[PDB]
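Here's the structure we're looking at; comments come further down.
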Amino acid sequence: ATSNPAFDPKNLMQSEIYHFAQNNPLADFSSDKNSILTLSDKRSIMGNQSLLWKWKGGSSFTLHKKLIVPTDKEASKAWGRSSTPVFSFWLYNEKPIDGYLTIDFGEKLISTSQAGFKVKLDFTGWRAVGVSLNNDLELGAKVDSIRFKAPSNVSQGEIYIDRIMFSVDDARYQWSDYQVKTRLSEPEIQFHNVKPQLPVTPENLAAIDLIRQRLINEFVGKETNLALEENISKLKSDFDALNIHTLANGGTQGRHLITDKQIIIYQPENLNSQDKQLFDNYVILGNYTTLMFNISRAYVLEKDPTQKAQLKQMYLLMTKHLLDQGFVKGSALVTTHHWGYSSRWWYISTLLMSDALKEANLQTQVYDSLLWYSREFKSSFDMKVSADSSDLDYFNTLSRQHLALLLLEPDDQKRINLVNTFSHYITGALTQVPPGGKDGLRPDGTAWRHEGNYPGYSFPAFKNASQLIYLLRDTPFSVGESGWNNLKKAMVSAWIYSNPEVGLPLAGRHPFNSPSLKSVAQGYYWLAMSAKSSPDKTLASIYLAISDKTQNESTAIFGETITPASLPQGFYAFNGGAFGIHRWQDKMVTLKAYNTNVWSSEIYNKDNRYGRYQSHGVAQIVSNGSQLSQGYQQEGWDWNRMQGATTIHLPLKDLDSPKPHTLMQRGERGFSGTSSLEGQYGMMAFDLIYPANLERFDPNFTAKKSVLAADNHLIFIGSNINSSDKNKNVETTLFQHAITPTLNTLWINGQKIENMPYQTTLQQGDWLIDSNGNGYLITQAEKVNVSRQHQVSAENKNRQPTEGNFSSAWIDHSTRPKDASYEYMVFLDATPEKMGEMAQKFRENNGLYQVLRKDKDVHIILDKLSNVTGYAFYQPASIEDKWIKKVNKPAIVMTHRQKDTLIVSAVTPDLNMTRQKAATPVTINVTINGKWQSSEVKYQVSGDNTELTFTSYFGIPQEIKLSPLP
Ligand SMILES: CC(=O)N[C@@H]1[C@@H](O[C@@H]2OC(C(=O)O)=C[C@H](O)[C@H]2O)[C@@H](OS(=O)(=O)O)[C@@H](COS(=O)(=O)O)O[C@H]1O
Ligand SMILES: CC(=O)N[C@@H]1[C@@H](O[C@@H]2OC(C(=O)O)=C[C@H](O)[C@H]2O)[C@@H](OS(=O)(=O)O)[C@@H](COS(=O)(=O)O)O[C@H]1O
Ligand SMILES: [Mg+2]
């Protein structure tokens, strides 16, 4: 504390704190005859002493401090967000008081003399009080008096006060509690309860105790963001450093506990050097509760009985210090927002210490406290299934904590009702199709957070949701088969679209830091072993592949011999992210588009700044293994040249998102994505349309981009490519990868190229092989550039410069000022000898494929290697074709004529929804030439032709096998 006024307009953000760690510490305080002020070193919040106030009822003391109270607007301007000036302090009662402490603000006040507030004194332990001086008093600039009046209707009494503070605080975070009413309240949990109730029986109680034990087992024998410490020397050393001691008639003294978010009320950047030094002595709750958990785990594993007892005493003392510090029911502590980050491992520690807390008579206090602070999560913790219940962050950061809270309930019947209700909650959250863009699983196996398919959030949710189902398995509390089935679909999908990292197009805002299925591995074991007919051989076979375990290892793990899954082969459509996956041998190709319902990219203030082209009709090829080891290197990466994309090559200042904070650019129409045929063949249809008026986006940049994928190959075609500037800098990237000693060779037309730097220009009938063994045959292009070159780029978080050496090739569309086009073919198993053979078949009147149509209405690709035809109806149309005559909606149709049958698939990749509305099915009428008889696809012969009726739900393809009528 200084001689300056509070909120000194001179230095508004500098908190004025009465902590008494300074010379003449009571200088600014006066008392009436019926009050006595002493320092005590018995307990304190900041510095080693607190104000002991002995009083008779109605007696006052006065703090004399000039307050220049800012408006909410002036506070907000000073800090840069919605702010209010706050008055706060800590008080300790050694015994409860039945009445109210009155705090009054005014000028030159005395016992007998503007505005003020009340604090109920019915409690023991530390409590914090924090009120907005502008919004929470029942204030003219001349305030110099803060009068603390003991309650009238109570004969005498005593109170410890510390850390009386004037600060600028976040306007969201002065919360009401059992001591103070503010303008803000986080209402208490009100648990839902499902009927019928399960009875208290030995069988149901035993199942509850086995669920608790199974949780203990998971935490005592590696969690992300759990700073595990197993060295007991280290736990004892950290614990002693808390300087906790039990006091005579109750409570503790030890270092003050504060959450990472509670520190805001101090404005610590702006603290005077004296206050900062004391503040720096606080303990961050996150660290403290992590320590409680590590001690609990060590306790559970400890074989030495002396050490074991010591670890229990350490845990219970930490528990007593935490409760006495005011982390108790009815104590807001001004705020506890983002409570999970500070407390998640406290919840889990209570499972391990449940019997110790029972014996110490602390279980009801710890349960009431955790329940109270959990009210921040009321939307999930109440356990009433809603459109928001499928929250993927919940499944990651809160679901096991939620279970642990319920198991901590002291009454047996209520504990069984809560865990029964939880099982129903989790089942519904894992079963329902949330409307619109809300979080959760989807029927194609995509899994959404931030209103789209998001592996970076779904992968940790899959791990923990699988664990939850496994914890409850084979009990009266087991998750419904419908939730198991949905989660299996999403997790088998993740195995398909990862190799073992998700591709660049699925990286969300973390390009070059893709999530890996390796982090989810244990979830496959958990979900396999929780099957109704356990083990689920598909999920077990994936667990062994991903975890690098052999068939010989399977018997001990699963109780029967299972062969590790081979990599999935064929084509899989995922219109939930307007993508598809083509798999052949050890390669995965991620084909990705975007549309009204699928954002192109997530770009934040410091994430994915150059990610504009993440979903521009990309076709990233990934062999099984590290993507970095295959040359997907962020340093020097040209963000313009995403593999398969058609882009405008821009300087990075122009490619950067035009929004300083968040942009999630959605497309201009519902239709773009993929479809599949026989689980083997795929097609992408991408209508590249830019916004009419977004800064840095050329409103006239357009392209129609189709890909047909079958076996070892993909046919890429593009048409109707345009820009505002005659296709200047408009380019289609064949590939880009870093040059390393392992990635040193390109082939061009049978010649080995290793020089750096190197440039050449190729054209129709030329071919290349990149260092990852992908071959590219140029089948239509005037100008293909190939470059081995030093590149300068910038990293996606802070735009700081990077550099690296890269091999790349791209089509230059500037040679066709209007409606530029391309065709090329990729071989996934290319060798110079096989590419010589494919080039020869291309020169033989194109024995590889034929484009039957390539315009703004339809792209039709006949693959002559596979004998499959792909039809990208960008618009409804009548066509001239052997098989297809007409389609009445934008759609993707595919055909395969085999021996005695014609197989037809159809879909729209349009999800037919908004951010708000549920997807509904689209009816697609596909007329085919000839008379056919036979899948849920309906057909009707109609003259010399056959009407097929497809139902496209969430872009999930349907197919039918037809055979000719005579
Ligand atoms: C603040 C911001 O830039 N984005 C908001 C999200 O926050 C980020 O995402 C998450 C997360 O999803 O866990 C945590 C961090 O705050 C940020 O990286 C997020 O807000 S959240 O309440 O913090 O989670 C979302 C809201 O959820 S959502 O649309 O799935 O409903 O809003 C983002 O904009
Ligand atoms: C999409 C996203 O940001 N997800 C969050 C995680 O970050 C990804 O994973 C990790 C990582 O934790 O190694 C690092 C990068 O930030 C992302 O690639 C991660 O956020 S965190 O900022 O890394 O802590 C997790 C945190 O989960 S936790 O709450 O289990 O610790 O939240 C993600 O899902
Ligand atoms: Mg003090």
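Chain identifiers are assigned as A, B, and so on, following the order in which chains appear in the structure tokens; residues are numbered from 1 within each chain, and ligands are numbered from 1 in order of appearance.
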| task | Kindly compile the residues surrounding ligand 1 within 10 Å, counting only C-alpha atoms and all ligand atoms, and format them as a PyMOL selection string. | result | chain A and resi 338+388+391-394+396-397+437-440+448-452+454+456-457+509+602-607+661-664
| request: Just the residues within 9 Å of residue 327 (chain A), please, counting only C-alpha atoms, with nothing from its chain fewer than 2 positions along; format it as number ranges by chain. | output: A: 126-127, 322-325, 329-333, 369-370, 373
| said: To test your reading of the structure, identify every residue in region 811-878 of chain A that backbone DSSP assigns to helix (DSSP H, G or I), and report it as a list in words. | reply: residues 813, 814, 815, 832, 833, 834, 835, 836, 837, 838, 839, 840, 841, 842 and 843 of chain A
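Minimum atom-to-atom distance to residue 417 (chain A), evaluated using only C-alpha atoms, belongs to A:194 out of A:443, A:430, A:194, A:274.
The neighbours of residue 792 (chain A) here are the residues that come within 10 Å of it, using only C-alpha atoms and leaving out any residue fewer than 5 positions away in the same chain; they are residues 635, 636, 637, 638, 801, 802, 803, 804 and 805 of chain A.
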| query | So which residues touch region 46-54 of chain A within 8 Å, counting only C-alpha atoms, skipping near sequence neighbours fewer than 6 positions away, as a PyMOL selection string? | reply | chain A and resi 19-21+35-40+157-163+256+278-279+282
| query | Which parts of region 184-256 of chain A does DSSP call strand (DSSP E) when run on the backbone here, written out as a PyMOL selection string? | reply | chain A and resi 245-246+252-253
| query | What's the 10 Å shell around region 783-786 of chain A, counting only C-alpha atoms, without same-chain residues fewer than 6 positions away, as a PyMOL selection string? | reply | chain A and resi 731-736+746+748+758-764+766+768+807-816+822
| field | For residue 458 (chain A), the nearest of the candidates A:724, A:846, A:519, A:386, counting only C-alpha atoms | value |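 With only C-alpha atoms as the atom set, the closest residue is A:519.
Among A:142, A:797, A:582, A:587, the residue with the shortest atom-to-atom distance to ligand 2, counting only C-alpha atoms and all ligand atoms, is A:797.
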| Within 7 Å of residue 502 (chain A), counting only C-alpha atoms, which residues qualify if same-chain residues fewer than 4 places away don't, as JSON, numbers by chain? | {"A": [497, 498, 506, 507, 514, 515, 516]}
| request: Find, counting only C-alpha atoms, the residue in A:486, A:174, A:912, A:401 that gets nearest to residue 442 (chain A). | output: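 So, comparing all the options, the nearest one is A:486.
Taking CA of residue 743 (chain A) as the reference point, CA of residue 608 (chain A) is found at 26.0 Å.
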| said: List the spatial neighbours of residue 639 (chain A) as an MDAnalysis selection string - criterion: any atom at most 8 Å away, only C-alpha atoms, same-chain residues fewer than 2 positions off excluded. | reply: chainID A and resid 610:611 613 637 641:642 793
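Atom pair CA of residue 957 (chain A) / CA of residue 827 (chain A): separated by 25.6 Å.
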